[PDB]
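Here's work08.pdb, which has PDB, C-alpha atoms:
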```
ATOM      1  CA  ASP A  53     -22.148  -0.308  52.469  1.00  0.00           C
ATOM      2  CA  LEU A  54     -19.719   2.035  50.716  1.00  0.00           C
ATOM      3  CA  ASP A  55     -17.345  -0.829  50.014  1.00  0.00           C
ATOM      4  CA  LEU A  56     -20.115  -3.295  49.139  1.00  0.00           C
ATOM      5  CA  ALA A  57     -21.467  -0.833  46.578  1.00  0.00           C
ATOM      6  CA  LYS A  58     -17.945  -0.340  45.239  1.00  0.00           C
ATOM      7  CA  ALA A  59     -17.680  -4.097  44.711  1.00  0.00           C
ATOM      8  CA  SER A  60     -20.550  -4.217  42.219  1.00  0.00           C
ATOM      9  CA  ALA A  61     -19.554  -0.836  40.777  1.00  0.00           C
ATOM     10  CA  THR A  62     -16.069  -1.939  39.749  1.00  0.00           C
ATOM     11  CA  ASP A  63     -17.556  -5.264  38.670  1.00  0.00           C
ATOM     12  CA  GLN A  64     -19.929  -3.553  36.252  1.00  0.00           C
ATOM     13  CA  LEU A  65     -17.413  -1.066  34.869  1.00  0.00           C
ATOM     14  CA  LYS A  66     -14.727  -3.682  34.189  1.00  0.00           C
ATOM     15  CA  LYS A  67     -17.288  -6.149  32.818  1.00  0.00           C
ATOM     16  CA  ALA A  68     -18.711  -3.481  30.511  1.00  0.00           C
ATOM     17  CA  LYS A  69     -15.243  -2.869  29.110  1.00  0.00           C
ATOM     18  CA  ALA A  70     -14.652  -6.620  28.722  1.00  0.00           C
ATOM     19  CA  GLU A  71     -17.849  -7.293  26.781  1.00  0.00           C
ATOM     20  CA  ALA A  72     -17.220  -4.106  24.795  1.00  0.00           C
ATOM     21  CA  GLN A  73     -13.935  -5.712  23.766  1.00  0.00           C
ATOM     22  CA  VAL A  74     -15.464  -9.056  22.817  1.00  0.00           C
ATOM     23  CA  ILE A  75     -18.017  -7.268  20.627  1.00  0.00           C
ATOM     24  CA  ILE A  76     -15.243  -5.466  18.737  1.00  0.00           C
ATOM     25  CA  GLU A  77     -13.455  -8.792  18.342  1.00  0.00           C
ATOM     26  CA  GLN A  78     -16.598 -10.123  16.685  1.00  0.00           C
ATOM     27  CA  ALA A  79     -16.573  -6.918  14.631  1.00  0.00           C
ATOM     28  CA  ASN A  80     -13.140  -7.577  13.168  1.00  0.00           C
ATOM     29  CA  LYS A  81     -13.744 -11.279  12.597  1.00  0.00           C
ATOM     30  CA  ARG A  82     -16.999 -10.593  10.766  1.00  0.00           C
ATOM     31  CA  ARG A  83     -15.231  -7.947   8.691  1.00  0.00           C
ATOM     32  CA  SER A  84     -12.687 -10.554   7.660  1.00  0.00           C
ATOM     33  CA  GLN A  85     -15.328 -13.123   6.730  1.00  0.00           C
ATOM     34  CA  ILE A  86     -17.327 -10.499   4.816  1.00  0.00           C
ATOM     35  CA  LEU A  87     -14.305  -9.381   2.824  1.00  0.00           C
ATOM     36  CA  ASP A  88     -13.109 -12.904   2.053  1.00  0.00           C
ATOM     37  CA  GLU A  89     -16.569 -13.889   0.804  1.00  0.00           C
ATOM     38  CA  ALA A  90     -16.804 -10.780  -1.372  1.00  0.00           C
ATOM     39  CA  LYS A  91     -13.372 -11.475  -2.869  1.00  0.00           C
ATOM     40  CA  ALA A  92     -13.959 -15.186  -3.457  1.00  0.00           C
ATOM     41  CA  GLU A  93     -17.139 -14.297  -5.344  1.00  0.00           C
ATOM     42  CA  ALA A  94     -15.540 -11.487  -7.346  1.00  0.00           C
ATOM     43  CA  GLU A  95     -12.966 -13.979  -8.590  1.00  0.00           C
ATOM     44  CA  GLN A  96     -15.661 -16.194 -10.103  1.00  0.00           C
ATOM     45  CA  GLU A  97     -17.300 -13.124 -11.621  1.00  0.00           C
ATOM     46  CA  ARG A  98     -13.989 -12.414 -13.347  1.00  0.00           C
ATOM     47  CA  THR A  99     -13.768 -16.038 -14.453  1.00  0.00           C
ATOM     48  CA  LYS A 100     -17.277 -15.837 -15.907  1.00  0.00           C
ATOM     49  CA  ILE A 101     -16.430 -12.861 -18.088  1.00  0.00           C
ATOM     50  CA  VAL A 102     -13.157 -14.563 -19.041  1.00  0.00           C
ATOM     51  CA  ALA A 103     -14.902 -17.748 -20.167  1.00  0.00           C
ATOM     52  CA  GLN A 104     -17.464 -15.705 -22.096  1.00  0.00           C
TER
ATOM     53  CA  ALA B 105      -9.956  -9.690 -16.021  1.00  0.00           C
ATOM     54  CA  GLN B 106     -10.483  -7.237 -18.890  1.00  0.00           C
ATOM     55  CA  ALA B 107      -6.780  -7.139 -19.801  1.00  0.00           C
ATOM     56  CA  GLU B 108      -6.413 -10.915 -19.737  1.00  0.00           C
ATOM     57  CA  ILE B 109      -9.125 -11.085 -22.378  1.00  0.00           C
ATOM     58  CA  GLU B 110      -7.145  -8.736 -24.621  1.00  0.00           C
ATOM     59  CA  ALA B 111      -3.960 -10.727 -24.093  1.00  0.00           C
ATOM     60  CA  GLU B 112      -5.821 -13.834 -25.228  1.00  0.00           C
ATOM     61  CA  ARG B 113      -7.012 -12.054 -28.359  1.00  0.00           C
ATOM     62  CA  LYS B 114      -3.509 -10.906 -29.274  1.00  0.00           C
ATOM     63  CA  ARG B 115      -2.137 -14.404 -28.757  1.00  0.00           C
ATOM     64  CA  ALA B 116      -4.813 -16.038 -30.927  1.00  0.00           C
ATOM     65  CA  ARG B 117      -4.328 -13.512 -33.714  1.00  0.00           C
ATOM     66  CA  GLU B 118      -0.602 -14.207 -33.649  1.00  0.00           C
ATOM     67  CA  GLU B 119      -1.018 -17.962 -33.930  1.00  0.00           C
ATOM     68  CA  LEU B 120      -3.340 -17.538 -36.904  1.00  0.00           C
ATOM     69  CA  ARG B 121      -0.863 -15.213 -38.601  1.00  0.00           C
ATOM     70  CA  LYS B 122       1.893 -17.767 -38.012  1.00  0.00           C
ATOM     71  CA  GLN B 123      -0.048 -20.555 -39.699  1.00  0.00           C
ATOM     72  CA  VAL B 124      -0.953 -18.518 -42.768  1.00  0.00           C
ATOM     73  CA  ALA B 125       2.622 -17.245 -42.934  1.00  0.00           C
ATOM     74  CA  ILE B 126       4.265 -20.647 -43.173  1.00  0.00           C
ATOM     75  CA  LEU B 127       1.652 -22.023 -45.555  1.00  0.00           C
ATOM     76  CA  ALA B 128       2.420 -19.090 -47.836  1.00  0.00           C
ATOM     77  CA  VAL B 129       6.064 -20.077 -48.273  1.00  0.00           C
ATOM     78  CA  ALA B 130       5.285 -23.782 -48.572  1.00  0.00           C
ATOM     79  CA  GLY B 131       2.825 -22.999 -51.354  1.00  0.00           C
ATOM     80  CA  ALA B 132       5.225 -20.629 -53.083  1.00  0.00           C
ATOM     81  CA  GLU B 133       7.920 -23.312 -53.078  1.00  0.00           C
ATOM     82  CA  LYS B 134       5.588 -25.881 -54.615  1.00  0.00           C
ATOM     83  CA  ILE B 135       4.381 -23.398 -57.244  1.00  0.00           C
ATOM     84  CA  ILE B 136       7.985 -22.484 -58.035  1.00  0.00           C
ATOM     85  CA  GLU B 137       9.192 -26.041 -58.487  1.00  0.00           C
ATOM     86  CA  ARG B 138       6.101 -26.845 -60.569  1.00  0.00           C
ATOM     87  CA  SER B 139       6.625 -23.764 -62.774  1.00  0.00           C
ATOM     88  CA  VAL B 140      10.371 -23.102 -63.137  1.00  0.00           C
ATOM     89  CA  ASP B 141      11.850 -23.797 -66.562  1.00  0.00           C
ATOM     90  CA  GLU B 142      14.957 -23.197 -68.635  1.00  0.00           C
ATOM     91  CA  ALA B 143      13.610 -20.035 -70.268  1.00  0.00           C
ATOM     92  CA  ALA B 144      13.221 -18.418 -66.837  1.00  0.00           C
ATOM     93  CA  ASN B 145      16.275 -20.039 -65.240  1.00  0.00           C
ATOM     94  CA  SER B 146      18.508 -18.615 -67.957  1.00  0.00           C
ATOM     95  CA  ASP B 147      16.887 -15.231 -67.368  1.00  0.00           C
ATOM     96  CA  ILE B 148      17.596 -15.394 -63.632  1.00  0.00           C
ATOM     97  CA  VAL B 149      21.236 -16.308 -64.141  1.00  0.00           C
ATOM     98  CA  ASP B 150      21.456 -13.547 -66.735  1.00  0.00           C
ATOM     99  CA  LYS B 151      20.025 -11.057 -64.253  1.00  0.00           C
ATOM    100  CA  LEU B 152      22.418 -11.936 -61.456  1.00  0.00           C
ATOM    101  CA  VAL B 153      25.509 -12.131 -63.669  1.00  0.00           C
ATOM    102  CA  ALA B 154      24.528  -8.726 -65.042  1.00  0.00           C
ATOM    103  CA  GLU B 155      25.070  -7.415 -61.504  1.00  0.00           C
ATOM    104  CA  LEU B 156      27.494 -10.064 -60.188  1.00  0.00           C
TER
END
```

Turn the structure described in the file into structure tokens.
Amino acid sequence: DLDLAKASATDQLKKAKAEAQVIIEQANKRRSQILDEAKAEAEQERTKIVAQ
Amino acid sequence: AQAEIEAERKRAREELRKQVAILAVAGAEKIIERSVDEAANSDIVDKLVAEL
């Protein structure tokens, strides 16, 4: 029973770290999409004032 | 964007100045040739030979 508990214990700790990595991956990717959208809109704001 | 606007203004002002500038000399040449005469021509040659 010691070793069978250890099985699920290491499972959960490693799996927690793994999903905690995939969430931070999503974090960075969403940062990149956010920043690219902000920049691509700011450029058309500039172009609006330029055309005015 | 705000400095591109100013560069456009400078460039437009310069082109306008250029046009007026060359029309000025074209007009002055036509006025001259329509208004030069012997009484003034003799006075010009007299001036320059007085300091030749």

Straight-line distance linking atom CA of residue B:106 with atom CA of residue A:91, stated in Å to one decimal: 16.8 Å

Expected answer as a ChimeraX atom specification: chain B residues within 9 Å of chain A, only C-alpha atoms: /B:105-106,108-109

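The space between atom CA of residue B:139 and atom CA of residue B:123 spans 24.2 Å.
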
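Take atom CA of residue A:59 and atom CA of residue A:73: the distance between them is 21.3 Å.
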
Could the centre and edge lengths of an axis-aligned box, enclosing all atoms of stretch 83-94 of chain A in the file with 6 Å extra on each side, be given in Å to one decimal as lines of an AutoDock Vina configuration file?
```
center_x = -15.0
center_y = -11.6
center_z = 0.7
size_x = 16.6
size_y = 19.2
size_z = 28.0
```

Slice of the block: stretch 112-140 of chain B, N, CA, C and O atoms, as a CSV table (one decimal), in the first residue's frame:
```csv
chain,number,residue,atom,x,y,z
B,112,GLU,N,5.4,65.9,-44.5
B,112,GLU,CA,4.6,66.2,-45.7
B,112,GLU,C,4.3,67.7,-45.8
B,112,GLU,O,4.3,68.2,-47.0
B,113,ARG,N,4.1,68.4,-44.7
B,113,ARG,CA,3.8,69.8,-44.8
B,113,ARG,C,5.1,70.5,-45.4
B,113,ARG,O,4.9,71.4,-46.3
B,114,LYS,N,6.2,70.2,-44.9
B,114,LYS,CA,7.4,70.9,-45.4
B,114,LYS,C,7.6,70.6,-46.9
B,114,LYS,O,7.9,71.5,-47.7
B,115,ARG,N,7.4,69.4,-47.3
B,115,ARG,CA,7.5,69.0,-48.7
B,115,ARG,C,6.5,69.8,-49.6
B,115,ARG,O,6.9,70.2,-50.7
B,116,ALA,N,5.3,69.9,-49.2
B,116,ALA,CA,4.3,70.6,-50.0
B,116,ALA,C,4.6,72.1,-50.1
B,116,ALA,O,4.5,72.7,-51.2
B,117,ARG,N,5.0,72.7,-49.0
B,117,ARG,CA,5.4,74.1,-49.0
B,117,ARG,C,6.6,74.3,-50.0
B,117,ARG,O,6.6,75.3,-50.7
B,118,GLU,N,7.5,73.4,-50.0
B,118,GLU,CA,8.7,73.5,-50.9
B,118,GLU,C,8.2,73.5,-52.4
B,118,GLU,O,8.7,74.2,-53.2
B,119,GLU,N,7.3,72.5,-52.7
B,119,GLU,CA,6.9,72.5,-54.1
B,119,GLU,C,6.2,73.7,-54.5
B,119,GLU,O,6.4,74.2,-55.6
B,120,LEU,N,5.4,74.3,-53.6
B,120,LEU,CA,4.7,75.5,-54.0
B,120,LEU,C,5.7,76.7,-54.2
B,120,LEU,O,5.6,77.4,-55.2
B,121,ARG,N,6.6,76.8,-53.3
B,121,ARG,CA,7.7,77.8,-53.5
B,121,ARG,C,8.4,77.6,-54.8
B,121,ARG,O,8.7,78.6,-55.5
B,122,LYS,N,8.7,76.4,-55.2
B,122,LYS,CA,9.4,76.1,-56.4
B,122,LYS,C,8.6,76.7,-57.6
B,122,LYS,O,9.1,77.3,-58.5
B,123,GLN,N,7.3,76.4,-57.6
B,123,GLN,CA,6.5,76.8,-58.8
B,123,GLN,C,6.5,78.3,-58.9
B,123,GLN,O,6.7,78.9,-59.9
B,124,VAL,N,6.1,79.0,-57.8
B,124,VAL,CA,6.1,80.5,-57.8
B,124,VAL,C,7.5,81.0,-58.2
B,124,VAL,O,7.6,82.0,-59.0
B,125,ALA,N,8.5,80.3,-57.8
B,125,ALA,CA,9.9,80.8,-58.0
B,125,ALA,C,10.2,80.8,-59.5
B,125,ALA,O,10.7,81.8,-60.0
B,126,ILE,N,9.9,79.7,-60.2
B,126,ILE,CA,10.2,79.7,-61.6
B,126,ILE,C,9.2,80.6,-62.4
B,126,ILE,O,9.6,81.2,-63.5
B,127,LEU,N,8.0,80.7,-62.0
B,127,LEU,CA,7.1,81.6,-62.8
B,127,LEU,C,7.6,83.0,-62.6
B,127,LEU,O,7.4,83.8,-63.5
B,128,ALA,N,8.2,83.4,-61.5
B,128,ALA,CA,8.7,84.7,-61.3
B,128,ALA,C,9.7,85.1,-62.4
B,128,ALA,O,9.6,86.2,-63.0
B,129,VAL,N,10.7,84.2,-62.7
B,129,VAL,CA,11.7,84.6,-63.6
B,129,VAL,C,11.1,84.5,-65.0
B,129,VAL,O,11.5,85.3,-65.9
B,130,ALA,N,10.2,83.5,-65.3
B,130,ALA,CA,9.6,83.5,-66.7
B,130,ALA,C,8.9,84.8,-66.9
B,130,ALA,O,9.1,85.5,-68.0
B,131,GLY,N,8.1,85.3,-66.0
B,131,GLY,CA,7.4,86.6,-66.1
B,131,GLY,C,8.3,87.7,-66.3
B,131,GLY,O,8.1,88.6,-67.1
B,132,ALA,N,9.4,87.8,-65.5
B,132,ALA,CA,10.3,88.9,-65.6
B,132,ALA,C,11.0,88.9,-66.9
B,132,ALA,O,11.2,90.0,-67.5
B,133,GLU,N,11.3,87.7,-67.5
B,133,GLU,CA,11.9,87.7,-68.8
B,133,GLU,C,10.9,88.2,-69.9
B,133,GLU,O,11.3,89.0,-70.8
B,134,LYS,N,9.7,87.9,-69.8
B,134,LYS,CA,8.7,88.4,-70.8
B,134,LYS,C,8.5,89.9,-70.6
B,134,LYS,O,8.4,90.6,-71.6
B,135,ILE,N,8.4,90.3,-69.4
B,135,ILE,CA,8.3,91.8,-69.2
B,135,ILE,C,9.5,92.5,-69.7
B,135,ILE,O,9.3,93.5,-70.4
B,136,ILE,N,10.7,92.0,-69.5
B,136,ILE,CA,11.9,92.6,-69.9
B,136,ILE,C,11.9,92.7,-71.5
B,136,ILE,O,12.0,93.8,-72.0
B,137,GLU,N,11.7,91.6,-72.1
B,137,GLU,CA,11.7,91.7,-73.6
B,137,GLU,C,10.6,92.5,-74.2
B,137,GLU,O,10.7,93.0,-75.3
B,138,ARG,N,9.5,92.6,-73.5
B,138,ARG,CA,8.4,93.5,-73.9
B,138,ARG,C,8.6,95.0,-73.5
B,138,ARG,O,7.8,95.8,-73.9
B,139,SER,N,9.6,95.3,-72.7
B,139,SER,CA,9.8,96.6,-72.3
B,139,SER,C,11.2,97.2,-72.4
B,139,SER,O,11.4,98.3,-72.0
B,140,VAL,N,12.2,96.4,-72.9
B,140,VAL,CA,13.5,97.0,-73.2
B,140,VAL,C,13.5,97.8,-74.4
B,140,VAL,O,12.7,97.6,-75.4
```
